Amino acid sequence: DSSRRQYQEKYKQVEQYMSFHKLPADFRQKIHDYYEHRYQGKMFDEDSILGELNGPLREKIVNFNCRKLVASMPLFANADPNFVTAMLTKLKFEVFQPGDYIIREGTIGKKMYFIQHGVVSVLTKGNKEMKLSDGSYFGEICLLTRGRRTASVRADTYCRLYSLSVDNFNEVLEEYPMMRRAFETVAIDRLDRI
């Protein structure tokens, strides 16, 4: 079908791009593996498809695609369904590979991440490593402080995450301001542990 063909064609152009730029074989394989994990052999113009729909259908789709994620977290599971929809609509799906630095300590943080599937290591230089997995989130501290990252976060396994930018976080909280407290609780607890 057309979506399988689109993946095969797009991947051929990626191979050619990597060849043109003389990328090493190991990195070429890393890109191969990334495409397999991220797109699973099919590609869609999701923006175009979703843009063809209406609000209700888009909201039904995002809620469906994120059912498990939502179930995982009391943040979403116990909230106003209109809040959950608002936040889910803003999320960006991202895949990271083992060893990737998702967050680097000391940098200016502008995104947080919700873990759909995978394990990450949180490492504050000089402190003990802590791990987070399915149904946890991280990177909230900088969304609240507008400061610098308090720890590095690396992918231990392949990680299927949803990211949320500070502007989108704040935009949603304009409508649901009391939900900020959920994130502050976590941030405070983590800052105490650090």
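Quick note: we count residues from 1 along the sequence shown, nothing fancier.
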Practice item. Could you check the entry and say whether 48 to 56 or 155 to 163 has the higher mean CA B-factor? Key: 48 to 56
Review point. Comparing 99 to 107 with 117 to 125, which has the greater mean CA B-factor as deposited?
Key: 117 to 125
Point to revise | Top Cα B factor in the deposited entry, candidates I61, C142, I31, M130 | key: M130
Check your understanding: Which of these, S136, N168, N65, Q40, has its C-alpha atom at the highest B-factor, as the entry lists it?
Key -> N65
Review point. For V84, does the deposited CA B-factor place it in the lowest, middle or highest third of the chain?
Key: middle
**Study point:** Cα B factor band for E15 (lowest, middle or highest third within the chain)
**Key:** highest
Check your understanding: Is the Cα B-factor recorded for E175 in the lowest, middle or highest third of its chain?
Key -> middle
